[PDB]
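Take a look at the structure below.
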Amino acid sequence: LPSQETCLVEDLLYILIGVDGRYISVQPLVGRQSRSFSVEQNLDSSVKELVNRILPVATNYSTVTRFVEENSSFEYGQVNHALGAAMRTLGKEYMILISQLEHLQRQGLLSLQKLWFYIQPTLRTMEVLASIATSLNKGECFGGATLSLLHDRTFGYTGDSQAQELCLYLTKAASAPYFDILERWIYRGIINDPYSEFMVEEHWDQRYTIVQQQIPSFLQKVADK
Amino acid sequence: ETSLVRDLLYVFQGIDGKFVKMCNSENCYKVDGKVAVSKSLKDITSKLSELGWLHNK
């Protein structure tokens with residue numbers, strides 16, 4: 001068993017990276033970014049169930065990171081692209097812990113339990129990122145409509161400090177593009193629309209007519225202002 | 001000896017290891033199925049059992 005547990009630690013370690021392993025095969029049946037994970041039958045059925053609940057973690061890693069590269073490839077100037085950059089640099093912090101414990105894998109004695117503790121914080125990081133990504137697939141918003149959705153997630157994710165800190169940072173990384181498009185409209189009146197990020201479209205006419213499609217992080221009173 | 005050391009790990013991490021305790025509303029402390037072994041195998045599983053209920057909760 002303990003040699004069988006350690007190769008199920010190493011095969012799972014490749015699953016969290018995003019590549020398909022040897023004893024655990026990955027297959028997407030659905031248009032959603034989450035792919036299904038199948039563990040093979042083992043000589044002991046206990047560890048097969050214990051590895052089975054760590055497979056929802058790479059379910060959430062494969063959820064948000066496919067979204068931010070699809071957002072990046074099908075090129076937009078939108079705030080949804082800058083949203084994916086805040087999620088990509090958080091992926092640098094996720095991939096760097098996995099390589100550090102692999103230095104302890106050449107001295108390999110690490111457990112199914114020492115690994116299980118580090119994955120419950122990093123299922124937390126990935127489940128919030130997956131549940132933002134799952135809301136963005138059902139939503140199809142852009143511009144200020146994305147800004148007001150991320151402003152609502154600063155309200156709801158309060159009570160957990162570190163889920164609040166990323167939902168703050170995701171809102172702040174979506175607003176610094178948007179309020180720069182605000183300020184570039186204030187100093188000259190340069191209205192540029194790659195995919196109509198800002199609300200106000202160019203019209204004698206006096207027809208700037210905010211839009212009901214988008215709204216800032218605040219209510220319509222600052223949009224009228 | 002050492003297989004019982006490995007067996008308590010998989011229940012510490014989650015659901016059961018080398019043998020199958022499962023019966024979470026029927027608890028029999030673990031299955032070992034051995035009577036020729038010492039009767040202290042009957043009590044080392046009692047300490048093994050009060051932690052797995054707090055793991056699944």
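So you can find residues: chains in the structure tokens are A, B, ... in the order shown, residues in each start at 1, and ligands are numbered from 1 in order.
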
Exercise for the section: Provide as a PyMOL selection string the residues of chain A at most 9 Å from chain B, counting only C-alpha atoms. Expected result: chain A and resi 1-2+5+43-51+53+111-114+116-117

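Considering only C-alpha atoms, the residue among B:53, B:36, B:8, B:45 positioned nearest to residue B:23 is B:53.
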
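Of the residues under consideration (A:85, A:131, A:225, A:192), A:85 shows the shortest atom-to-atom contact distance to residue A:169 when counting only C-alpha atoms.
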
Completion exercise
atom CA of residue A:78 to atom CA of residue A:123 measures 28.3 Å

Exercise for the section: In Å, rounded to a single decimal, give me how far atom CA of residue A:77 is from atom CA of residue A:137. Expected result: 18.4 Å

Practice task
Excluding stretch 170-177 of chain A and any residue of its chain fewer than 2 positions from it, enumerate the residues within 6 Å of it, using only C-alpha atoms, and give them as a VMD selection string.
Solution key: chain A and resid 79 83 150 166 to 168 179 to 180

Handout entry: DSSP alpha helix (DSSP H) residues within chain B, as number ranges by chain
Key = B: 2-13, 41-56

Handout entry: Top pick for closest residue to residue A:147, considering A:102, A:202, A:165, A:197 and counting only C-alpha atoms
Key =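 Selected residue with least distance to residue A:147: A:197.
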
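Taking atom CA of residue B:32 and atom CA of residue B:4 as the two end points, the separation is 9.9 Å.
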
Problem - For residue B:29: contacts at 9 Å, only C-alpha atoms, fewer than 5 positions along chain excluded, given as an MDAnalysis selection string - result: chainID B and resid 21 42:43 45:50

Please produce an output containing N, CA and C atoms for each residue in the selection, written as a CSV table (one decimal), in the first residue's frame.
```
chain,number,residue,atom,x,y,z
B,21,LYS,N,-13.7,-0.1,6.3
B,21,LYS,CA,-14.5,0.2,7.6
B,21,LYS,C,-15.9,0.5,7.3
B,42,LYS,N,-7.8,-4.7,18.9
B,42,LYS,CA,-9.1,-4.2,19.1
B,42,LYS,C,-9.2,-2.8,19.7
B,43,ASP,N,-8.2,-2.3,20.3
B,43,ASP,CA,-8.2,-1.0,20.9
B,43,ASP,C,-7.4,0.0,20.2
B,45,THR,N,-7.6,0.4,17.1
B,45,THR,CA,-8.6,0.9,16.1
B,45,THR,C,-9.6,1.7,16.8
B,46,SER,N,-9.8,1.7,18.1
B,46,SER,CA,-10.7,2.6,18.8
B,46,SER,C,-10.2,4.0,18.8
B,47,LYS,N,-8.9,4.2,18.8
B,47,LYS,CA,-8.3,5.5,18.6
B,47,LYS,C,-8.2,6.0,17.2
B,48,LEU,N,-8.2,5.0,16.3
B,48,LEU,CA,-8.3,5.2,14.9
B,48,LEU,C,-9.7,5.7,14.5
B,49,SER,N,-10.7,5.4,15.2
B,49,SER,CA,-12.1,5.7,14.9
B,49,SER,C,-12.6,7.0,15.3
B,50,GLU,N,-12.0,7.6,16.4
B,50,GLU,CA,-12.6,8.8,16.8
B,50,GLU,C,-12.1,10.0,16.0
```

Practice task
Check the smallest atom-to-atom distance from each of A:68, A:8, A:55, A:16 to residue A:41 using only C-alpha atoms, then report the winner.
Solution key: A:8

Exercise for the section: Identify which of the residues A:74, A:135, A:128, A:185 lies closest to residue A:160, counting only C-alpha atoms when measuring atom-to-atom distances. Expected result: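 For residue A:160, the nearest of the given residues is A:128.
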